[PDB]
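Quick notes on the structure that follows.
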Amino acid sequence: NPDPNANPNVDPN
Amino acid sequence: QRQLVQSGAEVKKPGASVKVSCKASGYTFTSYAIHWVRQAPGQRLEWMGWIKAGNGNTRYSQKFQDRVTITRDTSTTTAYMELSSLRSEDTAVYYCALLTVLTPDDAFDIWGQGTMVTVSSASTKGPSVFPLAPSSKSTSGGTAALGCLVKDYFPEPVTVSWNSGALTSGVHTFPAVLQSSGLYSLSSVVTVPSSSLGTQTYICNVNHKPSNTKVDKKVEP
Amino acid sequence: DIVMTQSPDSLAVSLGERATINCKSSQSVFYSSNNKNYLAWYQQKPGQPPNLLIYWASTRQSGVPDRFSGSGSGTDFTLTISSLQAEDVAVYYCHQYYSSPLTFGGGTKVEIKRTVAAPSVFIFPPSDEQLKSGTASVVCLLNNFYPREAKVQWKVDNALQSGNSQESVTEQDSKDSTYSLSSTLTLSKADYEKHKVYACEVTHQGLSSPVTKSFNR
């Protein structure tokens, strides 16, 4: 699964 | 309009430290993370780390974690990257960037203009700026070529604009060449109507930030 | 490191032709939960930062021309330029934001093929201002030619020179897809004053025989 802390600017619905 | 404006090019000795600034404007500073990305010659873009501009938390690449410090100043909406124990191999363009903001309210991606950092034991040298005057030897078919020769500087880069940016058509600012001395030289030329050499003024604006050089040379027939 | 591999490394097509760039990720950047691929495409020209074209693999950013489109899923992705325009010459990069560290591909350089164009050749004597400082640089300019290959030779007093000049070529022009070249002959003031004829001789596909541009000091 994606690492949500790779880029904090990435925040999909 | 959303923007990131970086500090000017720098040169540092091996083992020294550099600190690049990144001034943000036109958006809520504290909402997003600013990333630092470097681009070394013929090398792929390298992510260095990010800082959350709100709480100041960071994440650094393994390659740089022992040498990099990313900080922010909310009061001045500015982020900073400091690289210590500089190697001559850290010579690169360093970018700050709001990489892929992809949220329910926003979809944008903004980069600073880049800051070239050269790591070298050699001495900074500001350029001489000489005119390349339009003449019978530089005219063809109703156009005249004129320019500025930017000679003998170190390190890169030199930026050249014409008429404070108002003259962009027909401009070629060439890649720098390395002299045998180890100093650089570049030429910047522009093709203009031959008919109006008597009424128009052409000035090349030459910057070399490492030497604090700012020259405005008027180029006359 | 999610390794991003681009194919080809460079491509050249004529104005208006379709261009295809492939990008392969070493690990799948697909997330089944939201059906998204964590991938973007950037365009970069010399001296500028990269500019975002496509994100989520296939969502074109508003304001980006619609000739640009992205496709693919998992580990295989494609950037398409349906009709290549002169301003599209650049290096194109894929980018993943699935895992840390964020990574970028090695780039694909996209170039225009166009018709032959002979150079316009100009010569600039050393400025009086430079002569005061003990050195003399003569500049030869080859403007707006295609293809990029060109030969410059310097002659002083009708004799071919060697070892005292430096040249560089521009990137491909964003308007007319040509190149330009600047060559500098670097001489001492004393050597410059001892000679009369300064000449730049240019060989290029657009010229049936070499062109010489000269001046007398």
Side-chain angles (χ1 to χ4, degrees), chain B residues 128 130-152 172 174-181 183-189 191 194 219-221, chain C residues 116-170 178-217:
Chain B
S128 291
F130 304 121
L132 299 163
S135 78
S136 63
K137 299 300 180 173
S138 81
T139 57
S140 161
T143 70
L146 62 87
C148 287
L149 182 62
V150 181
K151 177 166 167 58
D152 286 359
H172 293 298
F174 288 84
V177 296
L178 195 57
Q179 301 293 162
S180 52
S181 73
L183 302 175
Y184 289 94
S185 284
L186 70 79
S187 83
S188 178
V189 305
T191 293
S194 64
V219 181
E220 286 209 287
Chain C
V116 171
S120 301
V121 185
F122 302 121
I123 194 168
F124 299 94
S127 67
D128 286 349
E129 183 185 347
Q130 181 181 21
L131 290 177
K132 288 172 68 169
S133 55
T135 309
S137 295
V138 191
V139 178
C140 186
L141 173 61
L142 283 63
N143 220 31
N144 318 305
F145 58 87
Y146 186 93
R148 182 172 59 195
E149 289 78 19
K151 179 166 182 64
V152 176
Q153 294 172 295
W154 285 99
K155 299 178 172 173
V156 174
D157 281 345
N158 302 324
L160 171 69
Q161 301 294 290
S162 185
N164 56 356
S165 57
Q166 302 85 33
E167 62 174 46
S168 73
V169 66
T170 64
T178 64
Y179 296 90
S180 295
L181 184 147
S182 179
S183 178
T184 303
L185 180 61
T186 297
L187 303 180
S188 71
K189 185 192 199 205
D191 177 41
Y192 175 73
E193 295 297 341
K194 281 150 91 203
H195 293 286
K196 179 57 55 170
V197 190
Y198 290 87
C200 180
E201 182 177 11
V202 172
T203 305
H204 186 269
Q205 184 172 342
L207 301 172
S208 48
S209 52
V211 166
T212 302
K213 196 73 175 188
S214 64
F215 70 89
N216 302 317
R217 176 196 52 69

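By convention in this document, chain letters (A, B, ...) are assigned in the order of the sequence lines, proteins followed by strands, and residues within each chain are numbered from 1.
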Within a strict 4.5 Å, meaning less than it, do heavy atoms of the [X] and [Y] side chains meet?
| X | Y | answer |
| --- | --- | --- |
| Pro131(B) | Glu220(B) | no |
| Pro134(B) | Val219(B) | yes |
| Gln166(C) | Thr186(C) | yes |
| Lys151(C) | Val202(C) | no |
| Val169(C) | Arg148(C) | yes |
| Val156(C) | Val197(C) | no |
| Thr184(C) | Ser165(C) | no |
| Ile123(C) | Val139(C) | no |

Straight-line distance of [X] [atom1] to [Y] [atom2], nearest 0.5 Å:
| X | Y | atom1 | atom2 | answer |
| --- | --- | --- | --- | --- |
| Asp152(B) | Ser137(C) | CG | OG | 7.5 Å |
| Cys140(C) | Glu201(C) | SG | CD | 10.5 Å |
| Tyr198(C) | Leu185(C) | OH | CG | 8.0 Å |
| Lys137(B) | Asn216(C) | NZ | CG | 7.0 Å |
| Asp157(C) | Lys194(C) | CG | NZ | 10.5 Å |
| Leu141(C) | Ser187(B) | CG | OG | 7.0 Å |

Distance-minimising heavy-atom pair for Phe122(C) and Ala145(B):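 Shortest heavy-atom contact: CD1-CB, 3.9 Å.
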
For a quick test of reading the model, state the closest non-hydrogen atom pair linking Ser135(B) to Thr139(B) and the distance between them.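 Looking at all heavy atoms of both residues, the shortest contact is O-CG2, 3.1 Å.
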
Enclosure of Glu129(C) CD (heavy-atom neighbours >12, cutoff 6.0 Å):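 Check passes, neighbour count above 12.
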
Can you confirm whether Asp128(C) is buried at CG, in the sense that more than 12 heavy atoms of other residues, nucleotides or ligands lie under 6.0 Å from that atom?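 No - once you tally the heavy atoms of other residues, nucleotides and ligands closer than 6.0 Å, there are 12 at most.
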
Flag, side chain of [X] to backbone of [Y], donor-acceptor distance under 3.5 Å:
| X | Y | answer |
| --- | --- | --- |
| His204(C) | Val211(C) | no |
| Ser182(C) | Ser168(C) | no |
| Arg217(C) | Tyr192(C) | yes |

Strictly by modelled atom types, are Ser183(C) and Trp154(C) linked by a side-chain donor-acceptor pair under 3.5 Å?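 Indeed, the side chains of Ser183(C) and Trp154(C) share at least one donor-acceptor pair under 3.5 Å.
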
Between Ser180(C) and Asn143(C), do the side chains contain an N or O donor and an N or O acceptor separated by less than 3.5 Å?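 Yes, side-chain donor-acceptor contact under 3.5 Å.
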
List for me each residue that meets ring-ring contact (aromatic ring centres under 6.0 Å, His included) alongside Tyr146(C), sequence neighbours excluded, and say none if there are none.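 Per chain and number, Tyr146(C) pairs via ring-ring contact (aromatic ring centres under 6.0 Å, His included) with no residue.
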
CA sep, side-chain torsions, deciding dist, call: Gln179(B), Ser185(B), side-chain hydrogen bond (donor to acceptor under 3.5 Å, both in side chains): CA-CA 7 Å; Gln179(B) 301 293 162; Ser185(B) 284; 2.9 Å; yes

